Structures are given as structure tokens and as C-alpha cells.
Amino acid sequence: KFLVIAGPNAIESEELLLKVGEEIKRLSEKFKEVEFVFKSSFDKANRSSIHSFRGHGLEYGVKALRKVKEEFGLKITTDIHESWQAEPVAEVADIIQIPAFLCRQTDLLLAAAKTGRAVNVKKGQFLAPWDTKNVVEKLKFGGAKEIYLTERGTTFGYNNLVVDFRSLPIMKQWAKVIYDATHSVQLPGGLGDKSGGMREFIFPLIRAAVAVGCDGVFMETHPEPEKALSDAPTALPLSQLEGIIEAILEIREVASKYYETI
């Protein structure tokens, strides 16, 4: 079934995770045909400014994710930044996510693929579609079986990303494909010491992703994006989450008939 990865960008507090996990859970019950996964980073190890919010550490984070997984019975996914976090994080994460900038760090991929968990690699802003093939080969070598590749934009000039949708069918040749609807529209370092974004384009490109054909969508949400401690201009409101989900399912029903073979 279609995959939908949602949740706040960062674990600002397990209280937030629970509030969001609540809505996701509800949606999990309304759309039984969709496989939901709660997502949230315990640490923003790559902020532009040393002064920006990062998180409360792996311990706190893993705990919060457990709470959500136990209280709502939802699958969990979070990203690791160094080889040593794979094993410990793999205790709660159903899917281990590999950060975009780190999509080529061999040891990080192997460590994630040794936990037996599923691994979702964010396609680097510097990588070409056909280049993700080796990324999958590394994971396969590392013992991974459930592998995902996530489209999240490509470097287009300075402080700007463009989504080359030709990547969806190209990467589908060797791995399940996910489209990152929130980071694809962000503007790297667009705010001096922060990365801005253009929310007005999140939904439109999501509709495009589904029409083209992907195995799932990735989208970060938050009660009040304006108050988000990370990626505020790209965080999608919780109240809009349901409507958008209904849209992708409808579009997916009509378009699936036309998706090309692998």
C-alpha cells in the first residue's frame, strides 16, 4: 500500500510528538489503505547556524518515539548522522533515514543496513537520478532488504532547489521511491542563518509526484508551523493534513492506470 511519512520535523518535545501522533493515528484509522509512519528527528545535526535549535539528544528522542509507537501503535522513522547511532536508534525506528548530505557516506549506510531495519535514503542535492543505483547497491551489500530513495530536490543555482520529476521513474528501477514534499520546496540558507521555503508550492508538487508515480509521500507537519523550531516556513499545518491525504489517494487512483512498468 501507499506510504505516508508524517510528523514534526524535530522532536521539540514528546508532548508535541504525542499531539501530532494523535492526528496521524486518527488518519491511520480513516485511511486503512495507507501505511502511515510517524517521523521526527531527535537532532538537526546540520543546521546552518550554530545558534539554531538542534534537539534534546538521542536518549530523549528515542524515548519520545517509543511513547508515540507504544501509545498510538504507529511505525516510526528517524534519521541518524553517525555510524554509532544506527544500533541504538534501530531499537525504535522501523525505518532508518539517511540524511541527504550523507547519502554517500558508506559507513553510515552499512551501519543502518546491519540493524536489519528498513533504510530510506534522502537523495543528495548534488546527486543525479542514475547515481542512486550505487547507493542501493551499498545497502544491499550491507544486508538491507527494504530500501527507499527519497526525492527532495536538486541544487539549482544558489539557495534554490528544483524537483526534476524524471527522477521518480528513473530511481524506481532499483528501489521504492518516496517524494519529500516539504524539503523539496525549501530554499537552502535562504534566510541567512536559516533555510526558508515556499509553502504555497507543497501541495501542487505533491499532486505532481503522485500523477507521475511514487510509492509514497513524505511531509512534515506541525500545529503552528510559525512556531516550529526547525523549518518553520515549510511545516504543514495538522488541520490540512487530512485534506491533502484524500487528494493524493484520489489522484493516485486515476493515474495508477497510467504508471509505466517499473
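In this text, residue numbers run from 1 along the sequence as written.
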Taking the mean of the C-alpha B-factors per stretch from the entry, tell me the winner out of 232-240 and 207-215. 232-240
Residue range whose averaged C-alpha B-factor is higher in the record, 28-36 or 45-53: 28-36
Among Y148, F141, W130, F101, which residue carries the highest C-alpha B-factor recorded in the PDB entry? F141
Between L108, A181, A93, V119, which carries the biggest CA temperature factor in the record? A93
Against its chain's modelled residues, does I248's Cα B factor rank lowest, middle or highest third? middle
Considering every modelled residue of the chain and its Cα B-factor in the PDB entry, is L191 in the lowest, middle or highest third? highest
If you rank every modelled residue in this chain by C-alpha B factor, which third holds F72: lowest, middle or highest? highest
